[PDB]
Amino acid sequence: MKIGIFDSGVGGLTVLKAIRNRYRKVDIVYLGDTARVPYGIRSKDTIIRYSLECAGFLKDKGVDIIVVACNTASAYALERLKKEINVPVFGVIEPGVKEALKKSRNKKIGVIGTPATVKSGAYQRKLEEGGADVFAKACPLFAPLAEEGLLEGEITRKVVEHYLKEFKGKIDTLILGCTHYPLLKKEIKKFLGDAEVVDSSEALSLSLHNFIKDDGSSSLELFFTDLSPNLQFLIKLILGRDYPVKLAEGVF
């Protein structure tokens, strides 16, 4: 059993840590699309093309299942991936939803996710057909225009309330689609008050239990299509140690 996880950046090294602790002996191969990283703005057809390519990379790496930890690719490319890669494919939306639907009490739940996944409607849908009033809202893309340091103090506690306006006191469960400053977990869980935030990474990992045979050499291989700046440093902080990465289409 070899698990292939694929993401645009390093946010997927989270799921990967969950998997790996639960499935202690499975072999893993990660592939981050760092060379194209600002995914959540690209078209549906772009997201499906970049996804096809990265999945094929891992397929050809001999994996058994392909976990796609990105909400944007999971929201647009799962049909296509499945249909072109002769293996099981798992995204992070459906486990998030199942969980949300479970955790909830009043079934008035919300989703904060990238503009491109929030546009897809995949979350909204899957939640409604499960019997639940979805309150969605998109991630604010701030760093390009202004430095987050601008959004510190006063102005931050006002971005929040205006964004998480409707959500106000109507929801009781939330899928943190994708968190960007100033909408950190603790800036929102403060405005909204102690709400049940779905852990999309623990939910996902768990969700692969019946398809995964906990077996393998316990190996780990990390790949990225661009040896970006502080990649290596980030890897160190998230995983706990330093794992050597290779470049996608290097030795091969």
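Residues carry their position along the shown sequence, with the first being 1.
Which is higher in the entry, the mean Cα B factor of 212-220 or that of 58-66?
Averaging CA B-factors over each stretch, the winner is 212-220.
Regarding 99-107 and 82-90, which shows the higher C-alpha temperature factor on average in the entry?
Looking at the record's C-alpha B-factors, the answer is 99-107.
Return the residue from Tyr123, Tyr76, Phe142, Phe167 that has the highest Cα B-factor in the entry.
The listed residue with the largest C-alpha B-factor is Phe142.
Sorting by Cα B-factor within the chain, modelled residues only, which third would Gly9 end up in: lowest, middle or highest?
Ranked within chain, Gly9 CA B lands in the lowest tercile.
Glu53's Cα B-factor: lowest, middle or highest third of the chain?
As the PDB entry reports it, the C-alpha B-factor of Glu53 lands in the lowest third of its chain.
Please place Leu16 in the lowest, middle or highest third of its chain by C-alpha B factor as given in the entry.
Lowest third - that is where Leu16 ends up once the chain's C-alpha B-factors are sorted.
Just say lowest, middle or highest third for the CA B-factor of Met1 relative to the other modelled residues in its chain.
For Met1, the deposited C-alpha B-factor lands in the middle third.
Ranked by Cα temperature factor within the chain, is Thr179 in the lowest third, the middle third or the highest third?
According to the entry, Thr179 has a C-alpha B-factor in the chain's highest third.
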